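Next up: a single chain in C-alpha cells, the form deposited in one PDB entry.
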C-alpha cells in the first residue's frame, strides 16, 4: 500500500510548512487522534474522530535558514506557527492532519504531515543505542519517538516460544530498560505500538533491533550478544593490526571485485560446508585461495566483496535452498533458452543474490555462515578478514546505505520503517516513498539515518577490522554524511580501537540522478561534489570510452578498444570521418582518465588545442576530468553490473575475429586500468576471460550464469541465453555468438590471459612512477606523445618522467628507472611511433615483458637514433630506461 497524502511538513517544534495559496487559506488547523480514528466523509464535510484541534498562525517571514538548508526543496513553502502551549511530544505519537479553510469559509484542502524535521528538532539522540553491557547489567535503547508503547520480548533460543515480556520506559523519544547480566545471549524482539500511515492504524509490531550485532536465521530475532566477547574471536584476532599488509599510500591501491558465493560455489577443492560462504576464504589449500594468492603476490592490494551484511532474497536456512542440475543444463544447446527457464523457475528460492537488498546493516549474512543461529556468522566473518589479510589482501565492504529492501508494518524483511514509519525512508512532496535507488530510498539528510550509517561503518571497522568501504549509489547519500564518516573512521587508532583508521579507504558510485540530482535534497555525494574530498568515485568516462557506448545505448556501439573506425562491426555508426572523430574523442577521454582523471591536467586534444581535463566533455556535455587527486579516481572497464569484459568484447568486436584476437583485446583493456594513474578496479574474472553468457544484470541469475571456474577449463561462455527479464531484447544478437564455436576460449587462452594479467600487475608495482600520489606529480611527470589532428588512430603513448641528470628539477622516486613509456596499440597491425623527444635514451623493453610467455610482445623495439618505438598489433608495450 502507498503512504497517504502528506503534503505538509512538521519541520521544527514550532513550525509547520505547507505550500498553500494566500487567499486560498484564511486559516489553517491541526487535528490529532490518539486512536487513529479520523475520517473525512463528503456527506458530513468536516473532519471527524479527533481528540484535539489547534489553530496555527501564519508566519509572514517564513522558514528559518536551518530548515531550508536541511530541506531546500520546501524553501518556497508558507510557514505556520504552532503555539508553544501545545504538547508536541504527545502529538507526534498521534494520527495528524492539517486543514486549510478559505477566507470565505469551508475546507479547501486537507493533508497528512511529514514529521522528520520535528522528530530531529525535538528528539535527535546521540546516546547509546542497541545493547550496552556492563559488569552487572545489560541495557537496551531504542529510538522510537512516535511510538505509543515499546516492550521487549525474550525468547527460548532462536526457534523457541516467547518466555518473558518487559516494558520499556520512554525519555525524549528513547525507550530503554536495564536488566541483569544473565540477559546475555538471549534472543529478543521489540514490540512496538505505533501509528502506521500505510494502514491508517496504531499497530503492535514485532521488530529486530536496528543496532543488532547478531541475528537468528533470516533475522527473525535479534541475538543479545556481547560483540567484544572473547569466544567470538579467532586465534590471534587482537593482533591482526600487526599482521595487516602494509599500505604506504592510497595511490598504491588496486581493487578486485568479488562475490562471496561466486568465489567458491564451484570450487571442488573446498569442503561442502564451507562452499559459497565466509569459511571458504579460511581454506588456504583451495584453487580459489591459490588464485587470490597469485594476484596478491603480483601486487593486488584490496578485495572488494559484494554485500555481506543482512540482506533479503536468500534464505539463511540452507535446507530450504533449491538448485538446478548442472550436469543436465550442460547438455542443452549453447544458444537455447532452456537453461534460463530452469534458473528462473527457482531463482526466488535458490542460494543466490548479489545482496543489494538491505534489512540490517550491522550483522553478517546468515546464508554465508555454516550455521545461521549462534556465534558462527560473527566468528566466520572475522576468520575471512584475517585469512585475506594473511595472504596480503585488505578487505573492502560493499555498503548499501541508499535504500531498504522493505518498508511498512508487515514482514520479516522490514525493520527500520516498522519502528519509525516515514522517517528512515525518503519521501516525495506528496508523501509517497522515493524508489529511484531501487525501492525504499533512505534519507541520510535525517539525523538518525546519518547516525546509523556512521555507527554501522564504525562497527565494521572496529568489530571486524574491515579495511575499506565501497558506497553503492553514493550520490543518494548526503555529502556531510560521507565527510563525517571519513573523519570518524580515519581517526581510529590501533592503541585505542585495535585498527589503524588512517589506512581505511572510501570510494563510491557518485551517480547523480532522480530526486537527489543537482543538490535538490542537499549537497549529495555526486562525482562533482566529491571532487576534493579524498573519496574515490568510479570513472564512467574511461569505461564508456574504452568499451564504446553506454549501459543505456545500443549494445553494438564500438569504442577505442572494441574496433571503432579501425575494425567496423557492421552496425552503422556514421561514415569513416564520423567514426574516426569519435575514436579521437574517446582517445582524449581515455588519456584524461590515464592521468588520474584530474580537472586541471592539461592535454593536447585531437583538435591540436590544449585543454584541461574539465574542459574536455562527454557526448552528453559533462566534464571528463573532475578530480583534485588521482586517489579520487577509480578507473574501470568492468564490474558486477553490466556485461563482463569478455562478453562486451564478444558483442562489440567484429564477428569475424578469432577468440585469440579477442583474448589480446581483453588484455589491452585490463592493462589500460593496471597502468593508469588513479586506482585500478578489476572485476573478478577479467583475468581469466569470465563470461556470464552475455547476462547484463546477473543479480538473480544463480550460480549457473555467475560461475567462476578455478580449474580454468571453461570461462562460462555459451551456457544458454541469459534470463529474459533483463536480456530478452538482446537475445537475437546473443544466440549466433553463443552458438559459434570460434567464440569460445580453450584452457590455453584462459591461462594465457591470466599469465599476461599477472605480468601487467607486476609492472605496475615495479615502479612508483605508475602510482603518483598527487595532481602536481602527474602534471610535472606524465606526458602523452600521440596527440593532435594527425594522431595515429588506435594508439596511446604515455610517458612518465623521473629525476635525471645533474641537479634535476624533481625528486627521484625510482631507484631502478629514470623514465617509463607505455604504448597501448589497439590497431590490428604493428605500429612505429617516432618520438624525437625520447631519442638518444637507454630504453629497453620492461624485464617482465622481455621474459614474457607472450611471443608477440617480445618483438617490441626501441631505436635510439630516431626515438622510434615499434609495437606489434593488439599489444601493450612498456619500455624503461634503466639507471
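Residue numbers count along the first chain shown, from 1. In this text, rigid core is short for the largest set of C-alphas that superpose within 1.5 Å between two forms.
Among the other PDB entries of this protein that were compared and that flank it with modelled residues, residue 103 is left unmodelled in a third or more. For residue 43, the fraction of other compared entries lacking coordinates, among those that model flanking residues, reaches at least a third. In this entry, 129-137 has the higher mean Cα B-factor, the comparison being between 129-137 and 639-647. Looking at 462-470 and 543-551 together, the entry lists the larger mean B-factor for 543-551, computed on C-alpha atoms. Of the candidates 812, 440, 444, 353, the one whose C-alpha carries the top B factor in the deposited record is 812. Among 200, 751, 343, 118, the highest C-alpha B-factor recorded in the PDB entry belongs to 200. Among all modelled residues in its chain, residue 686 ranks in the lowest third by Cα B-factor.
For residue 246, the recorded CA B-factor ranks within the middle third of the chain. Only modelled residues enter the ranking. In the PDB entry, a CA B factor belonging to the middle third of its chain's modelled residues is recorded for residue 569.
For residue 81, the recorded CA temperature factor ranks within the highest third of the chain's modelled residues. Residue 93 sits in the middle third of its chain by CA B factor, as recorded in the PDB entry.
Although not depicted, the form deposited in another entry is the subject of the following passage.
Comparing the forms between this form and the one not shown, the C-alpha position of residue 865 differs by less than 2 angstroms, with the core used for superposition.
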